[PDB]
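Chemist: Quick one: experimental structure and sequence below.
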Amino acid sequence: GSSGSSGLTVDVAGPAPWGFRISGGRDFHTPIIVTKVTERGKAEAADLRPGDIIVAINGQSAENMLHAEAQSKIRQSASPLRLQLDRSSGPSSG
């Protein structure tokens with residue numbers, strides 16, 4: 001059976017740091033996207049990659065999260081740290 005859902009979650013390890021960065025945010029009126037992802041770190045360990053659009057944080061929408069909000073919330077996020085990533089890619093060839 002097929003399914004949509006659209007959006008996957010991740011379980012980062014802790015405690016902090018995580019080993020990943022972010023960008024945008026309600027402040028920049030942009031989605032919380034990962035900029036860097038410390039290798040052999042915690043994030044990577046789970047399944048966090050650079051570019052992943054953080055939909056929520058531990059189950060809390062991140063659509064309207066300030067660069068300082070997501071940063072704080074996250075920082076103040078026990079382990080594991082659940083993060084809903086919005087993965088909507090399509091197949092292409094040429």
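Modeler: Good, I have the coordinates. Numbering: from 1, shown residues only.
Chemist: quick one: contacts for residue 23?
Modeler: Contact partners of residue 23, counting by CB atoms under 8 Å, 6 or more residues apart in numbering, are 30, 32, 33, 34, 35, 67. Where C-beta positions appear, they are placed from N, C-alpha and C, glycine not excepted.
Chemist: Just the buried subset of those, written out for ChimeraX, thanks.
Modeler: Here is the ChimeraX command that selects the buried residues among the contacts of residue 23 (16 or more other CB atoms under 10 Å):
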select :32,33,34,67
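Chemist: The contacts of residue 23 in helices, which ones?
Modeler: Counting by DSSP state H, the contacts of residue 23 place residue 67 in helices.
Chemist: so can I have JSON lines of the contacts of residue 23 showing distance to residue 46?
Modeler: Compiled in JSON lines, those are given as follows (distance: CB to CB, whole Å):
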{"residue": "30", "distance to residue 46": "23"}
{"residue": "32", "distance to residue 46": "16"}
{"residue": "33", "distance to residue 46": "17"}
{"residue": "34", "distance to residue 46": "12"}
{"residue": "35", "distance to residue 46": "17"}
{"residue": "67", "distance to residue 46": "22"}
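Chemist: For the chain, which segments count as strands?
Modeler: 8-12, 23-25, 30-33, 53-57, 60-61, 81-86 (DSSP state E).
Chemist: Columns distance to residue 39 on top of the ones you listed, output as a markdown table?
Modeler: Output for the strands of the chain, formatted as a markdown table (distance: least, CB to CB, whole Å):
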| stretch | distance to residue 39 |
| --- | --- |
| strand 8-12 | 14 |
| strand 23-25 | 19 |
| strand 30-33 | 18 |
| strand 53-57 | 20 |
| strand 60-61 | 28 |
| strand 81-86 | 18 |
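Chemist: I appreciate the help and will end here.
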